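We name chains A, B, ... by the order of the sequence lines, and we start the count at 1 in each one. Atom set for the values below is all heavy atoms of this structure, side chains included, hydrogens, waters and symmetry mates excluded.
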Protein chains: 6
Amino acid sequence: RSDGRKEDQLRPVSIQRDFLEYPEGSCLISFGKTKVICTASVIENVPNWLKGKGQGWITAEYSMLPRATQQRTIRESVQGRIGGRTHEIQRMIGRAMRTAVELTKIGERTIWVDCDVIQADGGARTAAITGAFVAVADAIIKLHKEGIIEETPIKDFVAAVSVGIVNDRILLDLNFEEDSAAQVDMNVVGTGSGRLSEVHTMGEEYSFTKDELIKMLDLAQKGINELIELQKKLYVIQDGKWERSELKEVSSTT
Amino acid sequence: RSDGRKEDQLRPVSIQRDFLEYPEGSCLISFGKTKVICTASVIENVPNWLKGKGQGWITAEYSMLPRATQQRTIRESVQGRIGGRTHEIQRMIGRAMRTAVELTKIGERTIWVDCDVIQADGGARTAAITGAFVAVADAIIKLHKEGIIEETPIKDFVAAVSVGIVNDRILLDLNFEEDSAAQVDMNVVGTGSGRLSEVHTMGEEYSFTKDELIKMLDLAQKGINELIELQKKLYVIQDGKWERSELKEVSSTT
Amino acid sequence: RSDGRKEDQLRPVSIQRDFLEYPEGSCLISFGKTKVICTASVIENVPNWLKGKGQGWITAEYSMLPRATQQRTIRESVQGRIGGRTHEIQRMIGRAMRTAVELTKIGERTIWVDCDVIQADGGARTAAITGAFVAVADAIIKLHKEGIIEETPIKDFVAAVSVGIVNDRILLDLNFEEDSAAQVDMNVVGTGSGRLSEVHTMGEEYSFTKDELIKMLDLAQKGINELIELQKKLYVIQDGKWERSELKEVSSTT
Amino acid sequence: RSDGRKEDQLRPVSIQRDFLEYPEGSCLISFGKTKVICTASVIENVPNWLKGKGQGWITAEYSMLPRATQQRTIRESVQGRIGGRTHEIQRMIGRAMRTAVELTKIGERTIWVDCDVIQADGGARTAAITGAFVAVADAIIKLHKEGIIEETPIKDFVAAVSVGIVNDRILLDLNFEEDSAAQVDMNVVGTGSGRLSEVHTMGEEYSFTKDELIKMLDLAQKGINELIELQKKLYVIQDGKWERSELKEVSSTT
Amino acid sequence: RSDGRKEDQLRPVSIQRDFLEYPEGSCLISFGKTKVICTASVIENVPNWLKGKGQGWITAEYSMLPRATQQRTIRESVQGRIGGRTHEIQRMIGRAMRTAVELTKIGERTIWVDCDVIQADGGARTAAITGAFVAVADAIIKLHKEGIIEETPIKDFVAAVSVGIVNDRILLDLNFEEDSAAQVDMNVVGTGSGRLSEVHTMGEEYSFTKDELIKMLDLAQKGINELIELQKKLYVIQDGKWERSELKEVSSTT
Amino acid sequence: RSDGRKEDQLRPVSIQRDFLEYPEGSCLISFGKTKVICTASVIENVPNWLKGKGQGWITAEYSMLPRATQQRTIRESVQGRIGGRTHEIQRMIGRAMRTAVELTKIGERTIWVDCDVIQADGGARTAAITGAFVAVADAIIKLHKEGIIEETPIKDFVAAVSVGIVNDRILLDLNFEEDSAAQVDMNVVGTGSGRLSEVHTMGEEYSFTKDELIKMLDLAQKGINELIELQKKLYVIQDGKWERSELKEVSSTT
């Protein structure tokens with residue numbers, strides 16, 4: 001691989017909590033050169049169709065500053081049209097966060113997750129899901145510490161990683177060049193207990209076999225595990241009670 | 001199941017070619033009450049970034065008339081904003097068609113695929129991919145018959161189907177009610193030779209196991225096979241030369 | 001004329017009711033190659049300015065799939081801007097339906113008419129008005145059959161047709177080529193009892209006389225009559241009580 | 001009538017040319033309280049589809065300042081959506097101007113007509129067409145005076161007026177109250193030689209007869225004639241050569 | 001200067017009140033060739049965040065008809081995107097009007113100010129603020145005359161003017177050519193008692209000194225004074241009670 | 001002051017260069033809790049109206065992530081309309097950068113400045129201008145180091161600061177609460193040699209005197225000076241040749 005990395009090897013991973021002061025939860029996560037700021041802010045209100053149903057909600061916003069892969073990613077303001085690809089990803093991130101939280105116990109409020117890619121080199125959305133989780137859990141823990149809610153209703157850790165087939169090679173966590181040159185690529189969202197929340201595999205003008213998929217899904221689940229082992233060092237959990245550990249930052253041994 | 005259908009059973013399938021006169025290829029496909037008009041029209045031009053590269057292109061447009069699932073699906077004109085969910089699906093359909101065609105041999109022109117859901121009851125996008133293929137192949141065959149191109153550069157059949165877990169039951173081809181009540185749902189795009197082009201599995205606030213995924217992927221591939229056996233009755237193929245058969249319509253035995 | 005048609009002759013007309021299962025009323029109408037799907041769906045609600053006034057409402061949506069006149073008609077989603085020409089026509093269709101119905105007796109609900117041109121060769125909006133009526137009446141009859149309303153408050157049949165001057169020839173029901181080459185063209189919306197609901201005549205860089213207008217209006221009213229004679233075979237009416245006849249389809253003798 | 005006006009009587013009409021200094025042609029026209037500023041500005045360029053075809057073009061922009069009928073008419077900037085009703089009218093005004101001009105002899109340039117309703121009390125679009133003509137002719141005369149073009153290729157005068165049925169009364173030139181209370185209303189665009197360029201009649205939930213239409217069309221043509229007699233005092237024409245007269249303003253005797 | 005004007009000299013100024021009949025207040029103001037119609041219309045309602053707080057509100061809309069500086073200024077309707085420069089100015093005009101009025105005493109209603117530049121030659125926004133004031137005061141006086149409100153809660157006159165440095169020359173009230181060629185330009189909004197409401201100075205790729213700014217601010221305040229002396233002839237004020245004078249128009253001696 | 005800060009005292013300032021790896025220049029600047037990421041990326045191209053004129057260009061994009069002042073600042077994508085306030089600021093930042101650079105010597109390329117407010121507590125736009133300068137200079141220095149251009153055509157340092165009157169107190173660098181409660185507020189953009197590039201003063205329903213303005217402008221220029229003394233520690237300049245110093249970060253003594 002271009003960076004001397006093994007095929008079943010994640011790039012250097014770094015997760016820094018308390019990145020910003022205002023949000024209830026926030027972090028700066030990095031998978032190699034891909035960097036995303038993830039913030040979780042609490043809005044004391046719920047979407048109109050949820051009022052009264054004794055439940056909270058989580059929703060995400062994703063943005064890719066104009067310097068994606070060292071090119072240009074002009075937003076939606078001073079540009080024009082509103083592409084539905086940002087939306088695909090925000091929906092994904094929203095689904096990952098809600099699966100990890102028992103919204104029943106959050107109260108009628110909303111955790112607004114903001115994922116801001118400040119530098120992209122592939123795997124931006126998977127880095128965003130991995131980081132967003134840290135911000136959401138911290139935010140729920142913060143809400144508890146403030147007496148706003150009774151417990152810390154987090155069900156499990158959630159992380160994500162990309163994987164693909166490049167020159168008939170199965171690689172974990174692809175950078176931007178490995179992914180543009182990929183025949184088949186995939187994104188997997190997994191949980192702490194080894195379960196899956198989401199999986200999308202797309203042949204890029206190539207088709208693949210049930211078996212190649214399983215091989216990719218096995219390499220992804222291992223990546224998800226390593227990423228969750230990292231997240232885990234940020235918390236001290238017992239019988240569903242979550243507290244932050246004293247680590248403000250955790251990185252991979254690489 | 002609500003309609004007396006088995007768990008590994010597709011709804012009644014119907015594919016009618018030559019549905020409309022103007023498009024080079026067109027059909028009306030139906031998976032139960034879900035109905036989609038799929039047309040393939042040839043534009044003697046290519047997207048700006050493809051000019052000169054001796055290659056054609058395929059792209060799709062998807063629309064869901066305002067009577068989806070017997071509710072309301074107001075378009076993008078007399079409504080306002082432009083959701084990025086229609087775009088997700090058009091991208092999917094585009095990717096499925098391009099994987100099935102050797103664009104190298106199509107010339108510098110574009111096949112414009114239009115998928116119009118005139119009635120929805122779940123599985124609308126998978127019906128659209130299955131139908132769009134028939135329209136694209138017919139369109140390529142038509143182009144050949146007209147001398148516009150040398151061969152019929154179609155690589156293989158492409159079909160799609162949905163599958164999901166409902167009350168811990170794994171069901172093939174979900175209607176709208178089975179899918180709103182699903183814990184996990186999935187869409188699979190497969191090929192004639194049993195390979196896969198795309199797979200998306202989403203936990204709906206539930207997580208699933210690698211094994212449940214495989215079980216779902218096995219039931220999907222069987223559905224894809226039955227759907228492709230149907231498409232196959234519409235063509236007579238030999239050594240990569242495609243001709244339409246005399247069938248104007250094919251349906252499932254149910 | 002290009003198709004061997006007389007000057008005071010409509011193209012082959014076909015109206016098929018119960019085209020789709022979900023809408024309260026639906027049909028597929030065709031004036032030659034021009035084909036429009038017309039559906040009438042009931043929304044148990046009214047526009048905000050009508051709440052409380054003991055009255056219902058009817059409104060239309062018009063769309064022209066991207067294969068209009070065998071060219072390209074990219075919608076409003078994956079294209080951009082929202083032209084005000086679709087709106088002109090939806091307003092027209094809305095006005096035609098409301099004139100035909102005693103909204104007082106419909107209750108506080110709205111009949112949402114959807115006109116979808118799946119193939120265009122001129123006269124698309126007039127085919128849409130003619131077809132939309134069939135769907136709206138069927139929908140009102142359906143509502144009655146369900147006990148949702150007391151009577152079938154339909155005042156009269158409504159149909160429409162185009163007419164124009166081409167090479168100083170006055171022609172009824174113009175196809176797409178006859179209309180692009182027209183000096184003057186017109187659209188007329190008439191009723192069962194021979195009255196008029198709307199008339200628009202536009203000189204296309206040519207002016208015309210009061211007399212040429214009357215000649216065109218006379219040829220249109222005859223076309224409207226033939227079209228209404230067709231619609232009439234779809235109903236059995238007595239003292240303002242409407243029932244569908246056993247015909248599921250009616251076509252012209254041509 | 002509310003203002004003591006006869007039924008076949010236009011409101012007080014006033015047309016003032018040279019209203020503004022920059023445009024090649026400009027005027028302030030008024031039908032009673034309805035006031036419109038009409039400017040014709042020359043752009044030394046043509047729409048992309050007209051390049052090379054040795055012809056000019058005319059196109060219009062219509063806007064209704066936020067004080068229409070003493071209510072609120074918030075534009076398209078600090079409001080949002082872009083209604084297709086402004087577009088209906090701009091298309092109408094464009095069609096009226098082009099019918100009056102031999103574009104062949106204008107050169108490859110465009111006359112950009114701007115109609116700005118600064119006060120509305122019904123008949124705003126007909127006042128705009130009547131006024132726009134004066135601005136376009138003046139602009140063509142100005143172009144000639146400057147040597148930009150050989151002749152003054154204006155074919156004839158163009159004016160417009162509204163008419164309708166209110167309480168079974170046929171009235172000419174309706175104010176805003178007479179038109180909201182109308183059963184049937186109509187707009188007619190006529191020429192100097194008594195011919196017609198456009199006619200639109202709409203039943204407002206009422207239908208009408210061929211004969212009532214003719215009665216309305218006769219009253220309109222008389223209104224068009226009076227309006228054109230006024231425009232005529234602004235020009236001195238001979239064998240197709242147009243010059244402005246010394247009148248800077250012309251009004252009706254009322 | 002191009003027009004023989006001194007450096008500390010305003011162009012010919014003209015303010016005409018009662019320009020239109022419907023608005024509670026209206027005028028046509030002109031600074032040389034720059035012409036703006038300013039109307040103040042009362043809406044018996046307040047913005048949602050102001051309901052109940054016993055206060056009124058003032059807000060502005062600004063538009064520049066397509067003939068700005070004898071070029072093209074296509075609006076926001078039949079053009080597309082919505083630039084945030086019109087908004088800058090509307091915000092400015094809104095701020096100037098609200099500073100001049102004791103909203104506490106206006107009641108819960110809104111004065112909707114419309115500024116329409118019908119001809120531009122520089123200084124359009126400053127002419128608009130100067131004119132808008134006249135329309136707002138007249139509108140408040142009108143409201144009083146009608147008994148809608150107790151007093152005429154106007155705090156002071158408000159006017160505005162531009163100034164800049166051109167070829168190291170400090171000029172007051174710049175036309176369009178003097179401003180495109182300016183190294184530094186500025187807009188100042190002042191009050192009757194010599195105070196300031198707003199000031200914006202922008203170096204156009206040139207920087208300036210605190211002292212050059214003061215020199216410009218001194219020349220502006222003198223321009224503001226002359227403009228307010230003109231406005232003053234339109235009113236008769238005593239102990240905060242405002243009445244219009246008998247002047248319908250006031251112009252500068254030039 | 002709420003934070004124990006003097007009246008002529010800036011909050012703690014921190015500027016960190018090389019914040020990100022991809023952009024030619026980048027930094028994270030902070031004025032207290034207000035934090036902005038500023039990146040300068042080079043596009044080997046120019047705006048269409050500049051082609052051929054032997055000159056480069058600089059333009060800015062500004063965005064305020066949804067957690068502004070601990071509230072909600074939903075962007076322009078998954079929200080809708082495009083406010084013209086972001087545009088006001090991007091124009092300001094663009095003007096500040098271009099004034100500081102001799103575009104003549106940059107070549108025909110564009111420096112694309114991206115300012116991303118990741119946390120806001122007042123003074124976000126002034127922090128963005130101060131930070132953007134550092135990124136642009138670094139980017140120009142980087143371009144030189146790469147041989148893309150001959151020199152480092154930077155004319156001078158550019159910084160900005162806010163100032164206002166709160167309870168008749170003149171304060172430098174306002175936080176969000178001091179600014180919402182301000183009677184008058186101002187933003188000043190200054191240069192290294194003590195000159196000014198821009199100044200905007202707005203009375204917030206209060207007017208002010210020429211003298212209060214000067215007092216505010218004096219306090220601002222002192223703030224600009226302190227900010228520029230900080231920027232200066234990041235460079236080593238001689239006869240117009242710029243090199244970065246070894247500092248990767250500089251902060252204020254507070």
Criterion side-chain contact (heavy atoms from CB on, under 4.5 Å) against E:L20, the qualifying member of D:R67, D:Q119, D:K33: D:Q119
Do E:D121 and D:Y22 come close enough that some side-chain heavy atom pair is under 4.5 Å? yes
From OG (E:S77) to CZ (D:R81), nearest 0.5 Å: 10.5 Å
Counting only heavy atoms not in D:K51 (residues, nucleotides, ligands), do more than 12 fall under 6.0 Å from its NZ? yes
Report yes if some heavy atom in the side chain of D:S63 is under 4.5 Å from a heavy atom in the side chain of E:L65; otherwise report no. yes
Hey, are the side chains of D:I37 and E:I37 touching, using non-hydrogen atoms and a 4.5 Å cut-off? yes
Using a cut-off of under 4.5 Å on heavy-atom pairs, state which of E:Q70, E:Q79, E:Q90, E:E61 scores highest against chain D. E:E61
CD (D:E146) with more than 12 external heavy atoms under 6.0 Å: yes
More than 12 heavy atoms from other groups under 6.0 Å of CD on E:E177: no
When you look at NZ of E:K248, are more than 12 heavy atoms from neighbouring residues, nucleotides or ligands closer to it than 6.0 Å? yes
Does atom CD of D:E108 have more than 12 heavy-atom neighbours from other groups under 6.0 Å away? yes
Which bit of D:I74 is near chain E, if near means a heavy-atom gap under 4.5 Å: side chain, backbone, both or neither? both
Check step by step if side-chain contact (heavy atoms from CB on, under 4.5 Å) holds for D:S41 and E:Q71. CA-CA 8 Å; D:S41 305; E:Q71 194 73 69; over 6 Å; no
Does any part of the side chain of E:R75, heavy atoms only, come nearer than 4.5 Å to the side chain of D:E76, both counted from C-beta? no
Less than 4.5 Å to any heavy atom of chain E: does that hold for the side chain of D:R72, its backbone, both, or neither? side chain
Side chains of E:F19 and D:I118: does their closest heavy-atom pair fall under 4.5 Å? yes
More than 12 heavy atoms from other groups under 6.0 Å of CD on E:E44: yes
